[PDB]
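*Asks:* Protein chains in written order, with the authors' numbering: chain B, 0 to 395; chain A, 0 to 395; chain C, 0 to 395; chain D, 0 to 395; chain D', 0 to 395. A prime marks a further copy of an entry chain. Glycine included, C-beta positions come from ideal geometry on N, C-alpha and C. Handing you a structure now.
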């Protein structure tokens, strides 16, 4: 009948230049019958050590002993934990990773690809995209304020088959809340869009990968400045804590709005759709509630004629979860990709970006072979968080 | 992979008094590997023979030769058939039954119950309800306008474990569209409620089960008249073709509004939730687009703090799908039930109501032993449609 | 007094190149007094043979034996059939054709043109428009992605007296639901507009004739990309299954939105006008519920200061119905025309486009002389639907 | 085609006690081919003498020498007269009566009843209702403030077969605008409903026939007070010049609101429906724009799940146009009736109320035989308008 | 300036019967200058052990080595931790308790009560209230379903000077989400209100203390049922994850809605007020973001003419922060109180309820003298969370 039994947490630090963050939180579950599943947690409101305790509390309290088929039940338990029953970002981070592991386990038990268990091969291939990263000759410090070098990266990404590319020239996000962009921030953003569009012409779409730096006013001003270059989407124009405000940006600029990487559960995505705050949803599966929760959200997007674009600023296990969701949904737009040697070998190259696209895996579960020894051979030893928000204010 | 190859359509007609309708449309699917699934189409816009052609077409065009795992894909094909991509009540009725059979097949192939493949056993048991049917010693003509006899039935249902009962005392629905209830329609309604509430007290809920006879004005007048007897739902107050009007009713009466049986696809249920037209959804699985589609709707009701009460005015195969949906969703209210000797024997009693509740089936697929020879022995020889809207006007 | 007695269904297949689709579903009704009427059905959710049974069911069940004068009555039965009373796309497709045939009958009985029966000659002549089709010297396959050949074709349309021309360069529509355009899809749309606008100058309006390929975001991006060339309308920017979304496109682009060819009944058109989803309504009379239902819709659009543009992707019979509707309403915009030899011959040339306009017919009924012989000598033997949604995704 | 040629206006004055008003304005049209049609104008802003000049002007400018078939065209002309194109109550009151005569003419030319021309026999019998008028033995002046005597009248109406009766005990309407009812106005209204509901029980519906006397606040207070007696409708709760405000009453009281007897054209009825100001429309056909205009309005009501209750405070001719409209619309609710010997005599007893209902007429046109001699023998010699608004304030 | 230096977490467990929960999480902060401040964390998503790691992380990352005066800055840091900047229930539960200790420290440094620091003594006495707990002679298990015994408790509370009492007879809250109440749930709720209102008369207000058990529909049914007994408020009618939905209850029932004990930060309270979801806010200070955050929220409530009713289901330390908030805000309504010997002892009887009220404290800071030894002598040895959500479904 099958029962979840063992939990291991492995925090692994990607090697410099560390595209993808300071550390990835990996979970490995084992059933009483020995079926092993991998998952990944997306949480950094507190550090990895605190998260370990959180993940183990979630697992023991709501999941250990349970039949892995009972995803609804386990979600309801974690979501309701401690008389809450409302989005707990940290707890959901914990549960999402464990839940993804459950799916990897279910695919192995059923001997099918995960997407085959959740609606079938809707898509043979999935369109991918990547951030513009420094080229092996780019001054890695200048590269981040250089329209010219970004355009070079864009050109290289296109040659590799990518049909869309993301970037954020808009300046620093801070702990202070939204701020008005400096004029130089606006000019910079225009120069980037101008340079990158001129480079790739029609061959690719531009994704403005803003990080919620701005007040509604600021976002609108910046939104209209980059409008002329025909960006596919305008990501997180304002901080994730004001739904009606983001819908206000959406109405005021011609660019489609994208958001979701910092949201969790359908409870939070529902109002985003209902108000018109975004036309493109970007869950981080390691945060949002897992694959199933994300299937629910994707069905919601359908009735708003909206598309999903799964977030990735983490490791290849989370990414695999994204691919499997992407594969099973009619309204997929594209999957975010982070192509590094370390991403590739953590899973022994089992899933791969091929000329811009990702093919639906054939292997069982997530289709991964996780290199646990490599994972353990790279411990995190910093005291920072996976991601961090600047202390200093915008520079005028 | 398994491919769907064969299709058999079987129209069977319930022996009198025919609780459940004039005929049930069963589809029996078989894959190339010899696995058999049963589905049930809920479609009566035209007769069984036209529907047979519709079902045959839909199957050959969009499903035959396809991996049964690909439910998303097949739904998209059917939904879009012929450059439509909007709800087609007749095609979707055909697809719904085929899609159901697909899940029976997948359940057998995985050797698991259907609910285990769609989120797991969220519910060990499911609350049931029945309509108030005449007792053996009841004049089967007088019964339907009799508060006194309806109360005897109410009592009999309570003694049998049922914790909820439905009735409709409000007069006939006609081809004409909504009308104003005769004042005697309101009086008879209030008298039913008075009698049934008196008899059961707290042991059961009252489900006022209208058939959309009324104009908005009329529906609101009726609703306010039966509100004192505290019904749990007010079902289809008006016709299924004006969401905003139903919401109007919902805002003007204290009773929760239930609707669904005449709706199809999530594209029609979305505006129902969005506009406040109904707090309780009642999809007919043989009509909405199948089990998967209904899972998406249940997920949608979920962010409206709303619940699902699967419709049943058909045979035991559709009921079975209702119950596998029910067992899998946290936001289930109750399942419509119809206990007749024919229902029971058509599935060799494999699924049964017990003391008002239904236990999550255990066997593979839908968990049924369909008695094909018995269904074929009961051909439909009538001229009528499964249901009919009378021609005569409301009698004043 | 006279009654509807006999029905013949005749499916006819136009010769290549096939402007008008794969087949037209013609209905011929005969009264017991021997008067003959013709009509056309617009339905392709299932194939010709299935429709035959549906049409035959609809007629036998609700129309046969009935006084043709009773349009309201027969509509209520079909609309309500089998306890539905919400739009059934397949049943209404069938009914519309029978309904149009009834009008032809009525016109022949009254010895007056149909328009004279439904409000009189409001318009002496009716403004027409056409798709841009390949000129004889055009590469058939290259033409469809060539701004240059389109402008050549558009110039020929102006020469023949057309004052508006339609085209769709935006790419393929798929069963997957709305997608985001490739930048090439946008570029190409712009080049088509630039080219076609430069050729015709003020001499003709451009109608951007899109097909619901896109997501709301994608539709908005495309929309104000083509705005600089001043299209008279922006057709079906998104799929027909999300009203509120289409209104969202309408608020965001400066172009007037037209829609309706995949809609049926006033019940579906009412929320389109009410929501501001479209300023221009394009019923297909063979689908929408017939000439009468279409008059009701046209009067509805009147109180929204909106107009009607009858859709044609079918035969001269549906077209005849369109023109009689057109001649009878104040708020007529224009009438889609498909000028092929076979369109002409099937009605022995009884109605003609002349220098871009059609003159109100004088002959009784629809004013046609249908060439049954011709129709029967062109049967449809194909396996496809009149129209079809492609399975492959948009190419990126 | 035949052309409208001659106009004859005939103002006739019902004998005492004169239920139906001070005078009816009849029009008699003759075609060049000698066909005679009768209609009725409903206009009293200015007196009989000024209205003659209005009617003669409208006829000569817009309708004389036109084919009577061209109803849309003639409406467009009158509606637009003198660069207006917005509802002109006075002009439309003239055109409505002329329009009705056109339908009478058309029915005779076609040799069918008018309803057979406008959608056919949707209804075989029309449900009727009547004001509570004094019984012979009643003090004709005490009666209007006597719940007891009103109850005797209602009870007599039920014996004659009526299933709904109307009354207004709410006090006088003044030229001042809406006022707050005196507490005595409210208590008397209550005492009327109580006595009439007690007398009729379920045998008849109560139609509260207010005359827009009250401010919104006052309307709401009155409505709530009478709610307990369950009136089918609450007529003109406030003046007809603030729709948003009437919607406010409708939302604040449980009683279905009815209005329309003082509105004209679909341009004024659209906002009523659209805002939820009324659930029941009551056009006066001699004012609203004619039979065709009433048809468009009825179609509009359909998509709001609302009904039509044709107004009558005039002669038998406008009543006939009411009956033919009612016969042709699915959403009829009931027709107001005024039973006096003079009504009967003016049309030679040709259409009658029988046991509460009216059977669809059979003779051609309106099916009337108007007694011109009797009309010309009853000249209006008074100065008063058909109806008037009190000068004196409400009495507190 | 002084800097926060040391943190000490102390989990303490109230003795039986343990009103106030399973354990309280206290924090003790010391400055480099040796000043000691106490606070209380309100978090139970995860257990005491995980929360320690959370609290220690938050303190070390964001507050250690900071001037305690910088409350805005420390909040901004914690709120934003790890690129979040949206409400994190778990992290905020940690920071809230730390924040309270900061205020205790500040009050001591300034040598004034905390309220004197945050707007001053707006109120000299705070109005209090309490749950109905069992009286000694009560069967401690029969009591919770005994209207009779609850009435005895309420009556005892009135003798002690309370002017408002809270109770919840509505049934259990489950991890499943909202459910429909059983009729017995509704009848018992009614019997509770009746017996308690009868006993207290006008001497006290009834606070219906529901726990978000119900679906919207169910919430509305329950509310209407209890309305007659005139409760001052209706607490958490539904789960805290659908504001639009809670506003819907508020509009549908006459009882003022209260909520907030499960929300955090002004970012979640703003939409509540803005949508009319609640008229009375009840923040748990140990969860919402601290005393300062509660102050901003109270100011927000002011412009909505809404009040604040500080939540307490924890120890005396959070209660103290409640009292100081209450003392400083114009729109206080009442403070929840839990009177156990252990509450008293933990703070050495230093703040007390007297005759239903609490007098503004006088000693510096929180005005408490926390008994660390008593706290450290009552370790939590259980595994359960402070509160939990039932697994079992509602019993019908």
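DSSP puts residue 7 of chain B in a beta bridge; with which residues?
*Replies:* By one-based count along the first chain, residue 7 of chain B stands at place 8. According to DSSP, residue 7 of chain B bridges with B:27.
*Asks:* For the beta strand (DSSP E) containing residue 128 of chain D, list its first residue and its last residue.
*Replies:* Reading the fourth chain from its first residue, position 129 is the one you call residue 128 of chain D. Its beta strand (DSSP E) spans residues 124-130.
*Asks:* Could you check the C-alpha separation between residue 327 of chain D and residue 40 of chain C for me, to the nearest Å?
*Replies:* As a working note, residue 327 of chain D is residue 328 in the fourth chain. As a working note, residue 40 of chain C is residue 41 in the third chain. Rounded to the nearest angstrom, the two C-alpha atoms are 25 Å apart.
*Asks:* Out of curiosity, what's the CA-to-CA distance linking residue 345 of chain C and residue 372 of chain C?
*Replies:* The sequence position of residue 345 of chain C within the third chain is 346, counting from 1. The sequence position of residue 372 of chain C within the third chain is 373, counting from 1. Straight-line Cα distance between these residues: approximately 9 Å.
*Asks:* What residues match up with residue 163 of chain C in a beta bridge as DSSP calls it?
*Replies:* Translated into the one-based positions of the third chain, residue 163 of chain C becomes position 164. Per DSSP, C:204.
*Asks:* Determine, for residue 333 of chain A, whether the minimum Cβ-Cβ distance to residues of chain B falls below 7 Å.
*Replies:* On the second chain, position 334 is the one that residue 333 of chain A refers to. Chain B, which has no Cβ nearer than 7 Å to the Cβ of residue 333 of chain A, makes this no.
*Asks:* Kindly indicate the opening and closing residues of the alpha helix (DSSP H) around residue 101 of chain D'.
*Replies:* Looking up residue 101 of chain D' in the fifth chain gives position 102. 88-109 is the extent of the alpha helix (DSSP H) around residue 101 of chain D'.
*Asks:* Could you tell me whether the Cβ of residue 126 of chain A comes closer than 7 Å to any Cβ of chain D'?
*Replies:* Walking along the second chain from the start, residue 126 of chain A turns up at place 127. Yes, contact with chain D'.
*Asks:* Taking Cβ to Cβ, would you say residue 9 of chain D' is nearer than 7 Å to residue 374 of chain D'?
*Replies:* Mapped onto the fifth chain, residue 9 of chain D' falls at position 10. Mapped onto the fifth chain, residue 374 of chain D' falls at position 375. For residue 9 of chain D' and residue 374 of chain D', yes; Cβs fall inside 7 Å.
*Asks:* Tell me, to the nearest whole angstrom, how far the beta carbon of residue 3 of chain D is from that of residue 28 of chain D; I am working on the premise that it is less than 8 Å.
*Replies:* As a working mapping, residue 3 of chain D is identified with position 4 in the fourth chain. As a working mapping, residue 28 of chain D is identified with position 29 in the fourth chain. So it is a contact: roughly 6 Å between Cβ atoms.
*Asks:* At a cut of 8 Å, does the region 92-111 of chain D' reach the region 280-294 of chain D' through at least three beta carbon pairs?
*Replies:* Taking 8 Å as the limit for Cβ pairs, the verdict is that the region 280-294 of chain D' does touch the region 92-111 of chain D'.
*Asks:* Starting from the C-beta of residue 354 of chain D, find all residues in its chain whose C-beta is less than 6 Å away, skip the five residues before and the five after it, and write them out in chain order.
*Replies:* Walking along the fourth chain from the start, residue 354 of chain D turns up at place 355. 160.
*Asks:* So, under 8 Å CB-CB, residue 293 of chain C and residue 324 of chain C are touching, yes? Tell me the CB distance rounded to an integer number of Å.
*Replies:* Taking the third chain and counting its residues from 1, one reaches residue 293 of chain C at position 294. Taking the third chain and counting its residues from 1, one reaches residue 324 of chain C at position 325. Confirmed, Cβ separation roughly 5 Å.
*Asks:* Kindly indicate if chain A contains any beta-carbon less than 7 Å away from that of residue 239 of chain C.
*Replies:* Taking the first residue of the third chain as 1, we reach residue 239 of chain C at position 240. Yes, contact with chain A.
*Asks:* At which residues does the beta strand (DSSP E) containing residue 233 of chain A begin and terminate?
*Replies:* Translated into positions along the second chain, residue 233 of chain A becomes position 234. Where residue 233 of chain A is concerned, the enclosing beta strand (DSSP E) stretches over 232-234.
*Asks:* Are the C-beta of residue 142 of chain C and some C-beta of chain A separated by less than 7 Å?
*Replies:* Within the third chain, the letter at position 143 stands for residue 142 of chain C. It does not: the Cβ of residue 142 of chain C has no partner Cβ on chain A nearer than 7 Å.
*Asks:* Less than 7 Å between the beta carbons of residue 300 of chain B and residue 278 of chain B, yes or no?
*Replies:* To locate residue 300 of chain B, count along the first chain from 1; it is residue 301. To locate residue 278 of chain B, count along the first chain from 1; it is residue 279. Contact flag unset, no.
*Asks:* On the DSSP bridge assignment, give the partners of residue 364 of chain D in chain order.
*Replies:* Along the fourth chain, read from residue 1 onward, the residue named residue 364 of chain D stands at position 365. In DSSP, residue 364 of chain D forms a bridge with D:112.
*Asks:* Near residue 238 of chain D', which residues of its chain fall below 7 Å by C-beta distance, leaving aside the five closest residues on each side in sequence?
*Replies:* One-based indexing of the fifth chain puts residue 238 of chain D' at position 239. Cβ within range, chain order: 176, 177 and 211.
*Asks:* Across which residues does DSSP place residue 307 of chain C in a beta bridge pair?
*Replies:* Position 308 of the third chain, counting from 1, holds the residue named residue 307 of chain C. Answer is C:280 and C:331, bridged to residue 307 of chain C.
*Asks:* So who's on the other strand from residue 38 of chain A, going by DSSP bridges?
*Replies:* In the second chain, the residue the question calls residue 38 of chain A occupies position 39. Residue 38 of chain A pairs with A:26.
*Asks:* For residue 313 of chain D and residue 117 of chain D, what's the separation of their Cα atoms in angstroms?
*Replies:* For the purposes of this step, residue 313 of chain D is taken as residue 314 along the fourth chain, with counting starting at 1. For the purposes of this step, residue 117 of chain D is taken as residue 118 along the fourth chain, with counting starting at 1. Between residue 313 of chain D and residue 117 of chain D, the C-alpha separation is close to 23 Å.
*Asks:* Look at the alpha carbon of residue 168 of chain D' and the alpha carbon of residue 48 of chain A, and state the distance between them as a whole number of angstroms.
*Replies:* Here residue 168 of chain D' refers to the residue found at position 169 when the fifth chain is read from its first residue. Here residue 48 of chain A refers to the residue found at position 49 when the second chain is read from its first residue. Answer to the nearest angstrom: the Cα atoms are 56 Å apart.
*Asks:* For residue 43 of chain D, which residues in the same chain have their Cβ closer than 7 Å to its Cβ, ignoring the five residues on either side in sequence?
*Replies:* Taking the first residue of the fourth chain as position 1, residue 43 of chain D is located at position 44. For residue 43 of chain D, where only same-chain residues beyond five positions count, the Cβ hits under 7 Å are 384, 385 and 386.
*Asks:* Report the rounded CA-to-CA distance for residue 338 of chain D' versus residue 209 of chain D', giving the unit in angstroms.
*Replies:* Here residue 338 of chain D' refers to the residue found at position 339 when the fifth chain is read from its first residue. Here residue 209 of chain D' refers to the residue found at position 210 when the fifth chain is read from its first residue. So the alpha carbons of these two residues sit roughly 20 Å apart.
*Asks:* Per DSSP, what kind of secondary structure is residue 140 of chain D in: helix, strand or coil?
*Replies:* Numbered from 1 along the fourth chain, position 141 holds the residue referred to as residue 140 of chain D. In the structure shown, residue 140 of chain D sits in coil (DSSP, three-state: anything other than H, G, I, E or B).
*Asks:* Applying the criterion that 16 or more other CB atoms from any shown protein chain within 10 Å of the CB defines a buried residue, is residue 382 of chain D' buried or exposed?
*Replies:* Translated into the one-based positions of the fifth chain, residue 382 of chain D' becomes position 383. Exposed: under 16 other Cβ atoms inside 10 Å.
*Asks:* Between which two residues does the beta strand (DSSP E) containing residue 357 of chain D' stretch?
*Replies:* Taking the first residue of the fifth chain as 1, we reach residue 357 of chain D' at position 358. Element bounds for residue 357 of chain D': 356-358.
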